Every structure is written in C-alpha cells, then in structure tokens.
Chemist: 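Structure incoming, see below.
Per chain, numbering begins at 1; letters A, B, ... match sequence-line order.
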Amino acid sequence: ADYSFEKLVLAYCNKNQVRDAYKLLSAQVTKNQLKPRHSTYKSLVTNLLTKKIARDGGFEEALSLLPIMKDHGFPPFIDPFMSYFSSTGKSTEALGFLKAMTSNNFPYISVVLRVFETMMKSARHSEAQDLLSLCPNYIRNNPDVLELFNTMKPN
RNA sequence: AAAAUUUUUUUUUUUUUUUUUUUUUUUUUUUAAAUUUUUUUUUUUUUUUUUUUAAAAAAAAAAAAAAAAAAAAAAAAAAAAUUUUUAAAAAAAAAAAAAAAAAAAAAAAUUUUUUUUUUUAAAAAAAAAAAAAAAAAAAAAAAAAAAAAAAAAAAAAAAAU
C-alpha cells in the first residue's frame, strides 16, 4: 500500500493540492496506520517548503512532519529547510525548527553551525545573528560558533 | 547575568552491491495457410537427314498445349458543353518501447499532452538475458536513538541528627 500512497501523494502534489495532501497523509497515519516510504516524505517536505505554500502557513505543517516522520524511525531531514532559511526564513521559525527536531532543547553543535553557515552564505547577517540571541550559552560561548561568525563577517 | 562532556553499541533511511527465488518483458531454435480474333515465339510426342563427342545438338513435316505484339468489344476514371487513359477495395484504432517539441510548478526531484520512429496480425514446446518483487547480508555513516559514562542539583525505597 505504501507505493500506492506514494503515487497518490505525487498526484495530489501535481494537482496543486499539497495543503490537502498533508491533511490526507496525517489522517491516513493517525487513522489507518500507514507507514510511507522515505521518498514520499522527501517529496512532501520539498513541496511544502516552496515560496507560495510556506507563506500560507505551510511551514508549521512541514515542521510538524519531522516528529511524525521521526516516530516511524526515519532520520529527520536537514537539507530542505536550509534552502528555505537561506531565502526568507525568520528567526522565530528558525528557533522553532531547531527545537522541534529533538527533545533536549537543541541538536548537537553541528546542526546549529550548519544553520548559521547557510544563513551566512546568502549575505543575511541580521537574522542569523538575531537567532544567536535566542539560544543558550553553550552555543553562544562555543569557540566554533564564534569562529564561524568571525569568518563570514558582514564586512 | 545569577540562582531555580568521554567512549562504545547499534535501529532506521541510506551508498553500491553478493547470492537465491518468483513474476513481467525481450532475444534465440523448431513449428498453419494457394473477352474474342490475326501474327510471332516456346514446350511434349513421332519419323527422316546431317554434324559432333565418348554421348549430345541442329535442319524439315505433323499432332497437342501456353505466352508476347496488332485489331474489335466490354468494364472503370478525368476534362468541355464529344475527347483522353487503364492485381481492387484498403477492419484500423488502441496499446507497448524510445527520441524531440509545447505549456505550468521547481529552475539542475520524481507529472502531462502532442509529434516522429519501431512493434502486434501471432499460437505450442525449449533455453537464456534486462526490469520489478521478496530475503539474508560484504563493506562506509552526518544528525536523530541509546547505554555506560566528568556531571551536578531535588525527591522516593533498602542495607550499615
């Protein structure tokens, strides 16, 4: 049934109904206990993070996918959110993303370092530095984070 | 601002694959189909004549069969308001594989239609190969998942203020 669900999700995404596709996938997981393949989750995460869908509240659904996808045993996607944060991501959504991935208030230092590097590589030193205001001291006083903010300076 | 990390193990999902099995598709081998008239030329039979080589051909006559050239008629088509010309109508669209173009989303992830080419109009037996499905696993893992573990602080239970 997983291949059929994958084809159904692709058909709904191709018919401009990604918002309905997320609701259908959530209803099928909660009610009928489907276990979709990783490619379906990849397609849903990639399609929900487009510019028009994300501005209409799609980012909350794409963020809530990660606990649901984590429940089945899948690894959480890190790559597709970087492209969204490099263009129009906000710090309030960034801290929610960095806290919704795991339960111990943050992942390891490498994920936050990758977020800072991705938001620095697109000449955005405002929200990238303001996101450092919302994290505790062990990231703020870490030598690697201060080094990364000292290399890709706005100068 | 204050107070209220170290090692190792793997699980997903990978990255290729190793082997085995099944199915679809394809290739290979053998197998079901059958108009008339005049002139000229060709072939089987009979006898005679001549020539040639170690056994054949050619010349003449007769009998029988077929094809081509010319004429007439029949049939079919086009032009003008009579003339010319000579194996027949075509079940075909869908499906299958590959390539290109178009539009609308991403722009270099995962959809569509159109156009072009090939095939299907194909059945029994035999054999292998590509794709899909199922399984164990042979090697590299970020982050998630844990344990021991530099933790520390608060509470509870048990042994020797």
Chemist: Run A:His38 and A:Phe77 through ring-ring contact (aromatic ring centres under 6.0 Å, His included) and show every step you take.
Modeler: CA-CA 10 Å; A:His38 207 195; A:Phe77 278 107; 4.7 Å; yes
Chemist: What pairs meet the side chain to side chain donor-acceptor pair (under 3.5 Å) rule with one or both residues in residues 138-155 of chain A, with sequence neighbours excluded?
Modeler: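 Sorted pair list: A:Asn137-A:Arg140.
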Chemist: Just by modelled atom types, is the A:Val115 backbone N or O under 3.5 Å from a matching donor or acceptor in the A:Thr118 side chain?
Modeler: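 Side chain of A:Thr118 to backbone of A:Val115, a donor-acceptor pair under 3.5 Å: no, none is there.
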Chemist: Taking syn as within 90° of 0 and anti otherwise, name the glycosidic form of B:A57.
Modeler: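 What B:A57 shows is an anti base, its glycosidic angle lying more than 90° from 0.
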Chemist: Rounded to whole angstrom, note down the P distance from B:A93 over to B:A102.
Modeler: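 One P to the other, the span is 28 Å.
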Chemist: Using whole Å, report how far CG of A:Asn16 lies from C1' of B:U111.
Modeler: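 Nearest whole value for this atom pair: 11 Å.
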Chemist: Can you check the A:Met69 CE to B:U11 P distance for me, whole Å?
Modeler: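 That distance rounds to 19 Å.
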Chemist: If you fit an axis to the five pairs at each end of the helix from B:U17-B:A137 to B:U31-B:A123, how big is the angle between those two axes, to 10 degrees?
Modeler: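 For the helix from B:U17-B:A137 to B:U31-B:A123, the axes at either end differ by 30°.
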Chemist: The sugar of B:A87: north or south, by the sign of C1'-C2'-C3'-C4'?
Modeler: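 Judging by the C1'-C2'-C3'-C4' torsion, which comes out positive, the sugar of B:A87 sits north.
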Chemist: Should A:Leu65 and A:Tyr22 be marked as a side-chain contact (heavy atoms from CB on, under 4.5 Å) after you check the CA-CA gap, both sets of side-chain angles, and the distance that decides it?
Modeler: CA-CA 9 Å; A:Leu65 277 182; A:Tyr22 172 73; 3.6 Å; yes
Chemist: Round to a whole Å and report the spacing from CD of A:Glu6 to P of B:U111.
Modeler: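 Computing the A:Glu6:CD to B:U111:P distance gives 10 Å.
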Chemist: Any side-chain N or O of A:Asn137 less than 4.0 Å from the OP1 or OP2 oxygen of B:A1?
Modeler: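 Result: yes.
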Chemist: Just say parallel, tilted or perpendicular for the rings of A:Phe81 and A:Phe59, cut-offs at 30° and 60°.
Modeler: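 It falls in the perpendicular class, over 60°.
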Chemist: Looking at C1'-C2'-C3'-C4', which way does the sugar of B:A107 lean, north or south?
Modeler: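 Negative torsion, so south.
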Chemist: Has the side chain of A:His72 got a donor or acceptor atom that lies under 3.5 Å from a matching backbone atom of A:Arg37?
Modeler: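 Pair absent, no side-chain N/O of A:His72 close to backbone of A:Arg37.
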Chemist: Does the sign of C1'-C2'-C3'-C4' make the B:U17 sugar north or south?
Modeler: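 North is the answer for B:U17, its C1'-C2'-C3'-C4' torsion being positive.
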Chemist: Just checking, are the bases of B:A105 and B:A106 stacked by our 5.5 Å, 30° definition for the six-membered rings?
Modeler: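 Yes, which means the ring centres sit under 5.5 Å apart while the planes stay under 30°.
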Chemist: Identify all pairs in which a protein N or O lies below 3.5 Å from an N or O of nucleotides 141-151 of chain B, and state each distance.
Modeler:
unit_1: B:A144; atom_1: OP1; unit_2: A:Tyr108; atom_2: N; d: 2.6
unit_1: B:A144; atom_1: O3'; unit_2: A:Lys70; atom_2: NZ; d: 2.8
unit_1: B:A145; atom_1: OP1; unit_2: A:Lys70; atom_2: NZ; d: 2.8
unit_1: B:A145; atom_1: OP2; unit_2: A:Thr102; atom_2: OG1; d: 3.4

Chemist: For the adjacent nucleotides B:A32 and B:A33, are both criteria met: ring-centre separation under 5.5 Å and interplanar angle under 30°?
Modeler: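 B:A32/B:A33: stacking flag true.
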Chemist: Between CG of A:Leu132 and OG of A:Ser91, what distance do you get to the nearest 0.5 Å?
Modeler: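 That separation rounds to 11.5 Å.
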Chemist: What are the two closest heavy atoms between A:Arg55 and A:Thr88, and how far apart are they?
Modeler: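 It is NH2-CG2, 4.3 Å.
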Chemist: Identify, via the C1'-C2'-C3'-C4' dihedral, which side the sugar of B:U120 sits on: north or south.
Modeler: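 Negative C1'-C2'-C3'-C4' torsion, south pucker.
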Chemist: Give me the atom names and distance for the closest heavy-atom approach of A:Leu48 to A:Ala62.
Modeler: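 Scanning both residues, the minimum pair turns out to be CB-CB, 3.9 Å.
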Chemist: If stacking means ring centres below 5.5 Å and interplanar angle below 30 degrees, are the neighbouring bases B:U119 and B:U120 stacked?
Modeler: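 Result for this step: unstacked.
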Chemist: If you assign A:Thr50 and A:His72 each to the RNA chain B nucleotide with the nearest heavy atom, which residue ends up on the more 5' nucleotide?
Modeler: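 Upstream on the strand: A:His72.
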Chemist: In whole angstroms, how far is the P atom of B:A109 from the CG atom of A:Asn14?
Modeler: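 Result: 15 Å.
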Chemist: Within the 4.0 Å heavy-atom criterion, would you say A:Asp71 contacts the bases, only the backbone, or no part of the nucleic acid?
Modeler: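 Contact class for A:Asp71: none.
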Chemist: Please report the distance, rounded to the nearest Å, between CG in A:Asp2 and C1' in B:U13.
Modeler: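 Going from CG in A:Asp2 over to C1' in B:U13 covers 14 Å.
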Chemist: What heavy-atom pair brings A:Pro36 and A:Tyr41 nearest, and what distance separates the two atoms?
Modeler: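 In this case the closest contact between A:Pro36 and A:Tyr41 is CD-OH, 4.2 Å.
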Chemist: Check for me whether B:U111 stacks on B:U110 (ring centroids under 5.5 Å, interplanar angle under 30°).
Modeler: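 B:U110/B:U111: stacking flag false.
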Chemist: For residues A:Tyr84 and A:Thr50, is any side-chain donor paired with an opposing acceptor at under 3.5 Å?
Modeler: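 No, no side-chain donor-acceptor contact under 3.5 Å.
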Chemist: Would you measure the distance from the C1' atom in B:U43 across to the matching atom in B:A33 and give it in whole Å?
Modeler: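 Roughly 32 Å separates the two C1' atoms.
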Chemist: How close or far is atom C1' of B:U14 from atom NE2 of A:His38, stated in whole angstroms?
Modeler: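 Rounding to the nearest Å, NE2 of A:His38 and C1' of B:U14 are 9 Å apart.
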Chemist: If I take atom CG in residue A:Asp79 and atom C1' in nucleotide B:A108, what distance separates them, rounded to the nearest angstrom?
Modeler: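 Distance check: A:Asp79 CG to B:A108 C1' gives 16 Å.
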Chemist: Does the ring of B:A67 sit north or south, if a positive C1'-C2'-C3'-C4' angle means north and a negative one means south?
Modeler: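 On the sign test, where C1'-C2'-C3'-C4' is positive, B:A67 is classed north.
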